[PDB]
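Here is run-v6.csv, consisting of CSV, C-alpha atoms:
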```
chain,number,residue,atom,x,y,z
A,1,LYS,CA,168.3,117.6,88.0
A,2,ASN,CA,169.1,119.5,91.3
A,3,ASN,CA,172.0,121.5,90.1
A,4,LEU,CA,173.5,122.7,86.8
A,5,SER,CA,176.6,120.6,87.3
A,6,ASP,CA,174.3,117.5,87.3
A,7,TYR,CA,173.7,118.4,83.6
A,8,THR,CA,175.9,117.7,80.7
A,9,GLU,CA,175.7,120.4,78.0
A,10,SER,CA,173.8,118.1,75.7
A,11,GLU,CA,171.3,117.2,78.4
A,12,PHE,CA,170.6,120.8,79.3
A,13,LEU,CA,170.3,121.8,75.6
A,14,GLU,CA,167.6,119.2,75.5
A,15,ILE,CA,165.5,121.2,78.0
A,16,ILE,CA,166.2,124.5,76.2
A,17,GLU,CA,165.0,123.1,72.9
A,18,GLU,CA,161.6,122.6,74.5
A,19,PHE,CA,161.2,126.4,74.5
A,20,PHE,CA,161.2,126.3,70.7
A,21,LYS,CA,159.3,123.1,69.9
A,22,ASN,CA,156.6,120.9,71.4
A,23,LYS,CA,158.7,118.0,72.6
A,24,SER,CA,156.2,116.9,75.3
A,25,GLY,CA,153.2,116.9,73.0
A,26,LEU,CA,151.2,118.6,75.7
A,27,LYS,CA,148.6,121.2,74.9
A,28,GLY,CA,146.7,124.1,76.5
A,29,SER,CA,147.0,124.4,80.3
A,30,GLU,CA,149.0,121.3,80.8
A,31,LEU,CA,151.7,122.5,78.3
A,32,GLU,CA,151.8,125.9,80.0
A,33,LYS,CA,152.3,124.4,83.5
A,34,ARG,CA,155.1,122.3,82.1
A,35,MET,CA,156.8,125.3,80.5
A,36,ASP,CA,156.2,127.2,83.8
A,37,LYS,CA,158.1,124.5,85.6
A,38,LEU,CA,160.9,124.5,83.1
A,39,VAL,CA,161.3,128.3,83.2
A,40,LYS,CA,161.5,128.4,87.0
A,41,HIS,CA,163.9,125.4,86.9
A,42,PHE,CA,166.1,127.2,84.4
A,43,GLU,CA,166.3,130.3,86.6
A,44,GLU,CA,167.0,128.2,89.6
A,45,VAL,CA,169.9,126.1,88.4
A,46,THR,CA,171.6,128.7,86.2
A,47,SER,CA,171.3,131.5,88.8
A,48,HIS,CA,171.5,133.9,85.8
A,49,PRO,CA,170.6,137.6,86.7
A,50,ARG,CA,168.4,138.0,83.6
A,51,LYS,CA,166.5,134.8,84.6
A,52,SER,CA,164.1,133.7,81.8
A,53,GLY,CA,165.2,136.8,79.9
A,54,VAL,CA,168.1,134.6,78.6
A,55,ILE,CA,165.5,132.5,76.8
A,56,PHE,CA,162.7,134.9,75.9
A,57,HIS,CA,164.7,138.1,75.5
A,58,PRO,CA,168.1,136.9,74.3
A,59,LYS,CA,171.0,139.1,73.2
A,60,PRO,CA,171.5,139.3,69.4
A,61,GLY,CA,173.2,136.1,68.2
A,62,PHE,CA,172.1,134.1,71.2
A,63,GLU,CA,168.4,133.6,70.3
A,64,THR,CA,168.8,129.9,69.5
A,65,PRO,CA,168.9,127.0,72.0
A,66,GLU,CA,172.7,126.8,71.3
A,67,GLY,CA,173.0,130.5,72.1
A,68,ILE,CA,171.1,130.2,75.3
A,69,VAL,CA,173.3,127.4,76.5
A,70,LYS,CA,176.4,129.3,75.5
A,71,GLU,CA,175.2,132.4,77.4
A,72,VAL,CA,174.6,130.3,80.5
A,73,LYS,CA,178.0,128.6,80.1
A,74,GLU,CA,179.8,131.9,79.6
A,75,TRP,CA,178.1,133.8,82.4
A,76,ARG,CA,178.7,131.0,85.0
A,77,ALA,CA,182.4,130.7,84.0
A,78,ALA,CA,182.7,134.5,84.3
A,79,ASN,CA,181.3,134.3,87.9
A,80,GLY,CA,183.5,131.3,89.0
A,81,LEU,CA,180.5,129.0,89.1
A,82,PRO,CA,180.6,125.2,88.3
A,83,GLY,CA,179.8,124.4,84.7
A,84,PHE,CA,178.1,121.5,83.0
A,85,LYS,CA,179.0,117.9,83.6
A,86,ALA,CA,181.5,116.4,81.2
A,87,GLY,CA,180.9,116.0,78.5
B,1,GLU,CA,131.1,130.7,81.8
B,2,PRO,CA,130.8,130.5,77.9
B,3,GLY,CA,130.4,133.7,75.9
B,4,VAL,CA,130.8,135.6,72.6
B,5,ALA,CA,133.6,138.1,71.9
B,6,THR,CA,132.7,141.6,70.8
B,7,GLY,CA,134.7,144.7,69.9
B,8,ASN,CA,136.7,146.3,67.2
B,9,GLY,CA,139.9,146.9,69.1
B,10,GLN,CA,142.2,149.8,68.3
B,11,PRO,CA,144.3,150.4,65.1
B,12,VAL,CA,147.9,150.8,65.9
B,13,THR,CA,150.9,148.9,64.3
B,14,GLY,CA,154.5,148.5,65.3
B,15,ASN,CA,155.8,147.2,68.6
B,16,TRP,CA,152.4,147.3,70.2
B,17,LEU,CA,153.6,145.1,73.1
B,18,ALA,CA,156.0,147.8,74.1
B,19,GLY,CA,153.0,149.8,75.4
B,20,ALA,CA,152.2,147.0,77.8
B,21,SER,CA,154.8,148.3,80.3
B,22,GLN,CA,153.5,151.8,80.1
B,23,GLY,CA,150.3,153.7,81.0
B,24,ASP,CA,147.3,151.5,81.8
B,25,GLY,CA,148.4,149.0,79.2
B,26,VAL,CA,148.0,148.5,75.4
B,27,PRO,CA,144.6,148.0,73.9
B,28,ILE,CA,144.0,144.9,71.7
B,29,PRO,CA,145.0,145.6,68.0
B,30,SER,CA,142.2,145.6,65.5
B,31,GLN,CA,143.8,142.9,63.4
B,32,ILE,CA,143.8,140.7,66.5
B,33,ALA,CA,140.2,141.7,67.3
B,34,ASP,CA,139.3,140.6,63.8
B,35,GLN,CA,140.2,137.0,64.6
B,36,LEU,CA,138.3,136.9,67.8
B,37,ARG,CA,135.2,139.1,67.2
B,38,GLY,CA,132.0,137.0,66.5
B,39,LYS,CA,133.5,133.8,67.9
B,40,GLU,CA,132.3,131.8,70.9
B,41,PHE,CA,134.5,130.8,73.8
B,42,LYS,CA,133.7,128.1,76.3
B,43,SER,CA,135.7,129.7,79.1
B,44,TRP,CA,138.2,132.5,79.8
B,45,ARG,CA,141.0,130.0,79.6
B,46,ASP,CA,139.7,129.1,76.1
B,47,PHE,CA,139.7,132.8,75.1
B,48,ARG,CA,143.2,133.4,76.5
B,49,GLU,CA,144.5,130.5,74.4
B,50,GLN,CA,142.8,131.7,71.3
B,51,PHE,CA,144.0,135.3,71.9
B,52,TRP,CA,147.7,134.5,71.9
B,53,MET,CA,147.2,132.1,69.0
B,54,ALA,CA,145.8,135.0,67.1
B,55,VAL,CA,148.8,137.1,68.2
B,56,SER,CA,150.9,134.3,66.6
B,57,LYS,CA,149.3,134.9,63.3
B,58,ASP,CA,150.0,138.6,63.4
B,59,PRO,CA,153.3,139.8,61.7
B,60,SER,CA,153.2,143.1,63.6
B,61,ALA,CA,153.5,141.1,66.8
B,62,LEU,CA,155.7,138.3,65.7
B,63,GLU,CA,158.5,140.5,64.4
B,64,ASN,CA,158.9,142.1,67.8
B,65,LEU,CA,159.0,138.8,69.6
B,66,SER,CA,161.9,136.5,70.2
B,67,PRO,CA,161.9,133.0,68.5
B,68,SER,CA,161.1,131.5,71.9
B,69,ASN,CA,158.1,133.8,72.5
B,70,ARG,CA,157.0,133.2,68.9
B,71,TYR,CA,156.8,129.4,69.6
B,72,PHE,CA,154.9,130.1,72.9
B,73,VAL,CA,152.1,132.2,71.4
B,74,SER,CA,151.9,129.7,68.5
B,75,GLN,CA,150.8,127.1,71.2
B,76,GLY,CA,148.3,129.5,72.8
B,77,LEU,CA,150.7,130.3,75.7
B,78,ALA,CA,151.3,133.8,77.1
B,79,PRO,CA,154.6,135.3,76.1
B,80,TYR,CA,157.2,136.4,78.7
B,81,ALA,CA,158.0,140.0,79.3
B,82,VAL,CA,161.6,141.4,79.9
B,83,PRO,CA,163.1,140.7,83.3
B,84,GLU,CA,162.8,144.5,84.1
B,85,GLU,CA,159.0,144.2,83.9
B,86,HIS,CA,158.7,141.0,86.1
B,87,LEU,CA,157.1,141.0,89.5
B,88,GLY,CA,158.7,138.2,91.5
B,89,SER,CA,157.7,135.0,89.9
B,90,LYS,CA,155.1,136.7,87.7
B,91,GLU,CA,156.7,137.1,84.3
B,92,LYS,CA,154.1,136.7,81.6
B,93,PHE,CA,152.2,139.3,79.6
B,94,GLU,CA,148.7,139.4,81.0
B,95,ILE,CA,145.3,140.0,79.6
B,96,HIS,CA,143.3,142.3,81.9
B,97,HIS,CA,139.8,143.8,82.0
B,98,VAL,CA,139.9,147.6,82.3
B,99,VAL,CA,136.7,147.6,84.3
B,100,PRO,CA,135.8,144.5,86.3
B,101,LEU,CA,132.6,142.4,85.9
B,102,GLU,CA,131.0,143.9,89.0
B,103,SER,CA,131.6,147.5,87.9
B,104,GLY,CA,130.4,146.2,85.4
B,105,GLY,CA,132.6,145.3,82.5
B,106,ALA,CA,131.9,142.5,80.0
B,107,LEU,CA,133.9,139.2,80.1
B,108,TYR,CA,134.6,138.9,76.4
B,109,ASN,CA,134.5,142.6,75.4
B,110,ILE,CA,137.8,143.1,73.4
B,111,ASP,CA,137.4,146.9,73.9
B,112,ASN,CA,137.6,146.2,77.6
B,113,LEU,CA,140.8,144.3,77.3
B,114,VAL,CA,144.4,145.5,77.6
B,115,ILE,CA,147.8,143.8,77.7
B,116,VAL,CA,150.1,144.7,80.7
B,117,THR,CA,153.4,143.5,82.2
B,118,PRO,CA,153.3,142.1,85.7
B,119,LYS,CA,155.2,145.1,86.9
B,120,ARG,CA,152.9,147.7,85.2
B,121,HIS,CA,149.8,145.8,86.5
B,122,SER,CA,151.0,146.3,90.1
B,123,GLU,CA,151.7,150.0,89.4
B,124,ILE,CA,148.2,150.3,88.0
B,125,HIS,CA,146.7,148.7,91.1
B,126,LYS,CA,148.6,151.2,93.3
B,127,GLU,CA,147.2,154.1,91.3
B,128,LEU,CA,143.7,153.0,92.2
```
Show this structure as structure tokens.
Amino acid sequence: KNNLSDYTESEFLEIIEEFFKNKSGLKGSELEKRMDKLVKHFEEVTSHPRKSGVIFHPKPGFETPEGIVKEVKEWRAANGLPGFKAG
Amino acid sequence: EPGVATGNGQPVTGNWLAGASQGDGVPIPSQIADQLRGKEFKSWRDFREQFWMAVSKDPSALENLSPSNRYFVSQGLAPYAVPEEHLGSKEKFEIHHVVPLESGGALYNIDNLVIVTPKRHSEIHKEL
């Protein structure tokens, strides 16, 4: 919740999948404000330099929820940052 | 304030959303205008939702969007621009009126609408 290390990889993947499907069932402005919250939360806990770019402008091969998670995992490992909860 | 959309837009195809980060924005594609022209909208929020949903039915736009941005526009949500075109916490592509209502542009005039990145929008404002 507060940090990335509070997430297991599966739990974090659950959030990322919401950027591809309507998990919440919300529509219109309410859906947008939820996705707004998820985006800024994503940027906050991952501390990734490309921010939401990881999700909305992914590198080739990393366009899927699995790829997004893997990009986060790889970047944080490369920067000596704590990874996901085990596991 | 409810209204009726008018305008023909402008006929260009390809990565039309690439022009959103340049100049004074990219005008609304004609094939997008076709889906909006002659329709009634209860509010601007209503029009904004319908606009992106129309973008979601356009192959020329879809092909140049990530799978994530494709889902968003399919839900009537504004797509996100590249990080390079962000402005702090402002990240979404934005619909903007070229001339404001008091100068005196029309609210639902498609020919008065352009798409801009948050970064380009600030640069436009500075040039005024």
Distance query region 115-119 of chain B at most 8 Å, only C-alpha atoms, self and fewer than 5 positions along chain excluded, as a ChimeraX atom specification: /B:17,19-22,24-28,81,85-87,90-96
Distance of CA of residue 36 (chain A) from CA of residue 109 (chain B), expressed in Å to one decimal place: 27.9 Å
Proximal residues of chain A relative to chain B (only C-alpha atoms; 7 Å) as a count of residues only: 12
Expected answer as a VMD selection string: all residues with atoms within 8 Å of (180.7, 125.1, 81.7), all atoms listed in the file: chain A and resid 9 73 to 74 76 to 77 82 to 85
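Residues with any atom within 8 Å of the point (152.6, 131.1, 61.1), counting all atoms listed in the file, are residues 56, 57 and 74 of chain B.
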Neighbour list for region 30-37 of chain B as number ranges by chain, cut-off 10 Å, only C-alpha atoms, skip fewer than 5 positions in-chain: B: 4-13, 47, 50-58, 60-61, 108-111
The selected residues should be written to file as a PDB file, in the coordinates of the input (atoms: C-alpha atoms).
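File result_29.pdb, as written:
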```pdb
ATOM      1  CA  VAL B   4     130.800 135.600  72.600  1.00  0.00           C
ATOM      2  CA  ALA B   5     133.600 138.100  71.900  1.00  0.00           C
ATOM      3  CA  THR B   6     132.700 141.600  70.800  1.00  0.00           C
ATOM      4  CA  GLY B   7     134.700 144.700  69.900  1.00  0.00           C
ATOM      5  CA  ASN B   8     136.700 146.300  67.200  1.00  0.00           C
ATOM      6  CA  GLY B   9     139.900 146.900  69.100  1.00  0.00           C
ATOM      7  CA  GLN B  10     142.200 149.800  68.300  1.00  0.00           C
ATOM      8  CA  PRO B  11     144.300 150.400  65.100  1.00  0.00           C
ATOM      9  CA  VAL B  12     147.900 150.800  65.900  1.00  0.00           C
ATOM     10  CA  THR B  13     150.900 148.900  64.300  1.00  0.00           C
ATOM     11  CA  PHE B  47     139.700 132.800  75.100  1.00  0.00           C
ATOM     12  CA  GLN B  50     142.800 131.700  71.300  1.00  0.00           C
ATOM     13  CA  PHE B  51     144.000 135.300  71.900  1.00  0.00           C
ATOM     14  CA  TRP B  52     147.700 134.500  71.900  1.00  0.00           C
ATOM     15  CA  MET B  53     147.200 132.100  69.000  1.00  0.00           C
ATOM     16  CA  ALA B  54     145.800 135.000  67.100  1.00  0.00           C
ATOM     17  CA  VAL B  55     148.800 137.100  68.200  1.00  0.00           C
ATOM     18  CA  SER B  56     150.900 134.300  66.600  1.00  0.00           C
ATOM     19  CA  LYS B  57     149.300 134.900  63.300  1.00  0.00           C
ATOM     20  CA  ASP B  58     150.000 138.600  63.400  1.00  0.00           C
ATOM     21  CA  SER B  60     153.200 143.100  63.600  1.00  0.00           C
ATOM     22  CA  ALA B  61     153.500 141.100  66.800  1.00  0.00           C
ATOM     23  CA  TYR B 108     134.600 138.900  76.400  1.00  0.00           C
ATOM     24  CA  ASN B 109     134.500 142.600  75.400  1.00  0.00           C
ATOM     25  CA  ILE B 110     137.800 143.100  73.400  1.00  0.00           C
ATOM     26  CA  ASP B 111     137.400 146.900  73.900  1.00  0.00           C
TER      27      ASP B 111
END
```
